[PDB]
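Protein chains: 2
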Amino acid sequence: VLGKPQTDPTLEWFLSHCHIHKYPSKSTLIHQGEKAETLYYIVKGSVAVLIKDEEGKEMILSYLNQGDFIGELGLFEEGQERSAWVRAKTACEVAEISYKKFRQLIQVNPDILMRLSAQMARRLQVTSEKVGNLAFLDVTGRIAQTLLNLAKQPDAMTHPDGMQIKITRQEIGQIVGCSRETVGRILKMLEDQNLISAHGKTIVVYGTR
Amino acid sequence: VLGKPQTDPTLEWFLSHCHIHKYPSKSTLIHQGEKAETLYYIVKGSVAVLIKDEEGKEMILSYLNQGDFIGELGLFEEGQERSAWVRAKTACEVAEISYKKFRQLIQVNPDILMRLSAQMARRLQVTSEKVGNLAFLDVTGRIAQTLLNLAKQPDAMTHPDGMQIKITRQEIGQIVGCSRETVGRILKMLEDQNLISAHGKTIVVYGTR
């Protein structure tokens, strides 16, 4: 896309081959058992990659950025039955098309599929160092821990009194390992400003906390 | 490799380009902070892929087969600093070479690196459904659970009285989530034949259990 420091001709060769334009979030696309025969290039917006366990827990394990890939876990993974990896996290705009036609532009350029591969591989790098993290039930300091982590990502939204990032305690179920319950204590104190200040579900770390 | 039903002329084009020949196991190659600039194609033998957490726990999270890849997590992941993924699990024979020259045979054929990619992606599929599994502290029935799982893999070794698979309870720390201690009860009962029969560290599910 233009207007931003990208400088990716090949992608503009890809985005002219797909369909950019998504929807506001909640729009999960494939993680219930649907053959992932369609790919979605999150070009703007960002989502919450989530997986299924051996006992059916489909929790969020990863998330993307404005310019990542979606459904690779079905076209590239070799899944062909959802395999799990997507649920909208923002109103995005994905360059979504079918990997029958795409696979053949990814085959016309030995850097296109290689560009996508590395994304997932980075997720391997994200899943290889945070598996037993939330599993540790470390909730003590592991909640606000991620909230300040949001202050370090493109999501910290400045506002005339603080810079927030709305995170339902549902993300926190996942990231911390405990439901919105133990973490419900904490996320409850947030609006109490006893730890933060959640302006609704938007959480504004004022400054001191 | 010849003698076995493989039928992979492209690999024989690749294995004639590398170095197959490993060692008995314990031979970890890259999982401590070594730039994974070298790749190892496990051609025979199989290893125990392990990862580092956010608190330094570097536990086995995956394992291979006789004909998988190693160090992909460094050459293809784009790691370039170990990133974690290997520790010998058997005396293997890896076709190990350096990804400078390899990358250029894998670049000579668009099915070679793609063949490897899918392997890792399959590991994505292995890590996307067993993250919170061992994290569940399900040890009740989650130990023998995997021991019988070994009876379903190429490892079940027939013997004139039972068919085993040696598994230190160390694997069980990982797979079940508890140190060989809770599982130490269990693995202790195994030699007692109160649950199994471990002929040393080799475990023989006789038949009834």
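Top to bottom, those sequences are chains A and B.
Numbering of the first sequence is given in the deposited numbering, commencing with residue 1 and proceeding in unit increments.
Numbering of the second sequence is given in the deposited numbering, commencing with residue 1 and proceeding in unit increments.
Ideal Cβ placement from N, Cα and C applies to all residues, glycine included.
Alpha helix (DSSP H) segment containing residue i, residue limits
i	result
residue 121 (chain B)	112 to 127
residue 130 (chain B)	From DSSP, residue 130 (chain B) is part of no alpha helix (DSSP H); its letter is neither H nor E.
residue 52 (chain A)	Note, residue 52 (chain A): premise wrong, no alpha helix (DSSP H); beta strand (DSSP E) at 48 to 52.
residue 73 (chain B)	72 to 75
residue 81 (chain A)	Careful: residue 81 (chain A) lies outside any alpha helix (DSSP H) and carries neither H nor E.
residue 14 (chain B)	11 to 14
Distance, residue j Cα to residue i Cα
i	j	result
residue 26 (chain A)	residue 47 (chain A)	9 Å
residue 88 (chain A)	residue 49 (chain A)	8 Å
residue 152 (chain A)	residue 119 (chain A)	20 Å
residue 96 (chain A)	residue 19 (chain A)	5 Å
residue 185 (chain B)	residue 136 (chain B)	18 Å
residue 158 (chain A)	residue 43 (chain A)	23 Å
residue 12 (chain B)	residue 144 (chain B)	39 Å
residue 195 (chain A)	residue 134 (chain A)	20 Å
residue 148 (chain A)	residue 205 (chain A)	7 Å
residue 92 (chain B)	residue 70 (chain B)	12 Å
residue 10 (chain B)	residue 112 (chain B)	7 Å
residue 180 (chain B)	residue 74 (chain A)	37 Å
residue 105 (chain A)	residue 38 (chain B)	30 Å
residue 15 (chain A)	residue 100 (chain A)	15 Å
residue 173 (chain B)	residue 164 (chain B)	19 Å
residue 81 (chain A)	residue 122 (chain B)	13 Å
residue 86 (chain A)	residue 209 (chain A)	32 Å
residue 79 (chain B)	residue 72 (chain B)	9 Å
residue 187 (chain B)	residue 200 (chain B)	11 Å
residue 40 (chain B)	residue 98 (chain B)	8 Å
residue 167 (chain A)	residue 108 (chain B)	46 Å
residue 239 (chain A)	residue 190 (chain A)	Past the edges of chain A, shown from 1 to 209, lies residue 239 (chain A), and the structure says nothing about it.
residue 212 (chain A)	residue 1 (chain B)	Because chain A in this structure spans residues 1 to 209, residue 212 (chain A) falls outside the shown range and cannot be described.
Min CB distance residue i to chain B below 7 Å
i	result
residue 53 (chain A)	yes
residue 100 (chain A)	no
residue 133 (chain A)	yes
residue 16 (chain A)	no
residue 118 (chain A)	yes
residue 130 (chain A)	yes
7 Å Cβ cutoff, residue i in contact with chain A
i	result
residue 49 (chain B)	no
residue 4 (chain B)	no
residue 156 (chain B)	no
residue 75 (chain B)	no
residue 35 (chain B)	no
residue 78 (chain B)	yes
residue 127 (chain B)	yes
residue 57 (chain B)	yes
residue 121 (chain B)	yes
residue 83 (chain B)	yes
residue 187 (chain B)	no
residue 39 (chain B)	no
residue 190 (chain B)	no
residue 105 (chain B)	no
residue 124 (chain B)	yes
Unbroken beta strand (DSSP E) run spanning residue i, endpoints
i	result
residue 202 (chain B)	202 to 205
residue 61 (chain A)	58 to 63
residue 41 (chain B)	38 to 44
residue 96 (chain A)	93 to 98
For this session: Output the residue ranges of the beta strand (DSSP E) runs that lie fully inside the region 134 to 200 of chain B and measure 3 residues or longer, sorted by chain position.
Result: As far as the region 134 to 200 of chain B is concerned, its whole beta strand (DSSP E) runs of at least 3 residues are 157 to 159 and 162 to 166.
Problem set entry | the region 124 to 132 of chain B / the region 53 to 72 of chain A touching (three or more Cβ pairs under 8 Å) | Touching, yes.
Exercise. Are the region 30 to 44 of chain A and the region 64 to 78 of chain A in contact at 8 Å, needing three or more beta carbon pairs?
Worked result: Touching, yes, given that three or more Cβ pairs across the two stretches are closer than 8 Å.
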